[PDB]
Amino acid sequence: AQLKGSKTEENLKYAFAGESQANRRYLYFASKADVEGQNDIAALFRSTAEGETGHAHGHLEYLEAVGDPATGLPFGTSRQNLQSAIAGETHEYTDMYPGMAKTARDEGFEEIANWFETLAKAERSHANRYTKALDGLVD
């Protein structure tokens, strides 16, 4: 059976997105529990988040057969991983975040539009720094 083109490929991508968001959400919830003084709850959110890291990385390992879910490019070696990170980052800073900022401004959300513009600049920095590292890579 060929994973490329299958429903199972799409399910792995969806589940990877879900596990990734679960870790982020659980760490955000841990920080809320921190401030409240709910240290036992915070520790449980953190421990569960480690589980979601293991799940997401297992999904990504299967996706090595088909490509990085963010870009379609192969991944595995540092050279490949940097090239994929660069392509994804370039999309975020040239297209995704500028477009989101425009939509937010048009809809009346000036603070959110400025946030998206801050993130476009931040992803441009990430893209350039990864490109510098790729040029310096000796493998």
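Residue positions are given as counts along the sequence shown, with the first one as 1.
Tell me which of 94 to 102 and 48 to 56 has the higher mean C-alpha B-factor in the deposited entry.
Per the deposited B-factors, the answer is 94 to 102.
Determine, for stretches 81 to 89 and 108 to 116, which one has the higher mean CA B-factor as deposited.
On average, C-alpha B-factors are higher across 108 to 116.
Going by the CA temperature factor in the PDB record, which third of the chain does residue 19 belong to: lowest, middle or highest?
For residue 19, the deposited C-alpha B-factor lands in the lowest third.
Rank-wise, by C-alpha B-factor, drop residue 66 into the lowest, middle or highest third of its chain.
According to the entry, residue 66 has a C-alpha B-factor in the chain's highest third.
Which third of the chain holds residue 72 when residues are ordered by C-alpha B factor: lowest, middle or highest?
Its C-alpha B-factor belongs to the highest third of this chain's values.
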